[PDB]
């Protein structure tokens, strides 16, 4: 039992999330391949204002932020050092629909980028937690 969870330092089971992605009915977006450098956030929609409960190394690398600086915050801070992508994401998330947009975001140093953002709200799990996954990519 000393090896329980040694392959997730966060104790988050991202692979559980991957399984949900693959199992979703009526998938509308194909992610294509993901590797371990992927920018990825998990937000708990079951908590008020969809706070970040996990971000991959790839997200920190993309944005220049660190864990204490972003954990527990809504992803919208990325939009500031407004776009119709914002409302497209708001509405999709509300309907629990998959959505993909391009939108201008900003790294910690204030540098703007065009971020290709995919959000899969997925679903509330029997515990009631509701992990939404977002993937980011600088184009």
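Numbering follows the first chain given and starts at 1.
The entry models residue 81 and residue 82 with a gap of 4 to 9 deposited residues left without coordinates.
As recorded in the PDB entry, 102 to 110 is the stretch of 102 to 110 and 34 to 42 with the greater mean C-alpha temperature factor. Stretch comparison (43 to 51 versus 89 to 97) by mean CA B-factor in the PDB entry places 89 to 97 on top. Within the listed group 25, 128, 11, 121, the record reports its top CA B-factor for 25. When the modelled residues of the chain are ordered by C-alpha B-factor, residue 137 sits in the middle third. Residue 56: CA B factor in the lowest third of modelled residues in this chain (values from the PDB entry).
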